[PDB]
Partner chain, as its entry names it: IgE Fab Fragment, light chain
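Take a look at this single chain in structure tokens; it is the form solved without its partner chain.
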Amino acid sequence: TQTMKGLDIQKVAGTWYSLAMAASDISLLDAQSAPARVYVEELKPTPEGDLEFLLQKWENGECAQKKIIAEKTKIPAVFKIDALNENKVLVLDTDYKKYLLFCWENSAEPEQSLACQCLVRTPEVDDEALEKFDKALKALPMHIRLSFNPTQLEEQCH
């Protein structure tokens, strides 16, 4: 995965929408309750230089809010979630004002599990951001892709 050079994490703060998503395995995104079917509501960079995600996930028949802390690492644009550092967030690219591309990656199995998203600042379709997402995906072993309409962007859990 080619990660963003010169990321300024403080500039990604505030509201985002999940416009599109893709994963290595159909099972990660197939169902509305699938393990990687999460929607980014907000990014909150911390004083420590960590990244807080506010997520919505469909769980047990409702839209559940979760705050996930991705801690800074010695590799820029790469953040660790778990104590083993096997669950990471990889920031691929952003222009801070319109779009952000990132992946969750799990390195616990011999086969990499990956789910990547195209985030936008406003609940609208941006073809530019979707083309940058598709280009970033070309080198990745993706088997499922989803994209949402503006109606879905403003709905709880899309």
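Residue numbers count along the first chain shown, from 1.
Asks: Between 57-65 and 109-117, point out the one with the higher average CA B-factor as the PDB entry records it.
Replies: Per the PDB entry, the higher value belongs to 57-65.
Asks: Please compare 126-134 with 31-39 and say which has the higher mean C-alpha temperature factor in the record.
Replies: Mean CA B-factor is higher for 126-134.
Asks: Pull the Cα B-factor of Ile81 out of the PDB entry and bin it into the chain's lowest, middle or highest third.
Replies: Lowest third - that is where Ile81 ends up once the chain's C-alpha B-factors are sorted.
Asks: Of the three thirds of its chain by CA temperature factor, lowest, middle or highest, which one includes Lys74?
Replies: Its C-alpha B-factor belongs to the highest third of this chain's values.
Asks: Looking at the temperature factor on the CA atom of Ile9, which third of the chain's modelled residues does it land in?
Replies: It falls in the middle third of the chain.
FYI, the form deposited with its partner chain bound isn't displayed, but the following is about it.
Asks: If you check in the bound PDB entry, is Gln2 within 4.5 Å of its partner chain, heavy atoms only?
Replies: No, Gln2 sits far enough from its partner chain in the bound PDB entry that none of its heavy atoms falls within 4.5 Å.
Asks: Consider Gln56 of the chain shown here, and say whether it contacts its partner chain in the bound PDB entry, taking contact as heavy atoms within 4.5 Å.
Replies: Heavy-atom contact with its partner chain at 4.5 Å: present for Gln56.
Asks: My question is simply whether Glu128 lines the interface with its partner chain in the bound PDB entry - judged by any non-hydrogen atom within 4.5 Å.
Replies: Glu128: no contact with its partner chain in the bound PDB entry.
Asks: Is there a non-hydrogen atom of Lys44 within 4.5 angstroms of a non-hydrogen atom of its partner chain in the bound PDB entry?
Replies: Within the cut-off, so yes.
Asks: If we check its partner chain in the bound PDB entry, which of the residues in 144-158 reach within 4.5 angstroms of it by a non-hydrogen atom?
Replies: Contacting residue: only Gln156.
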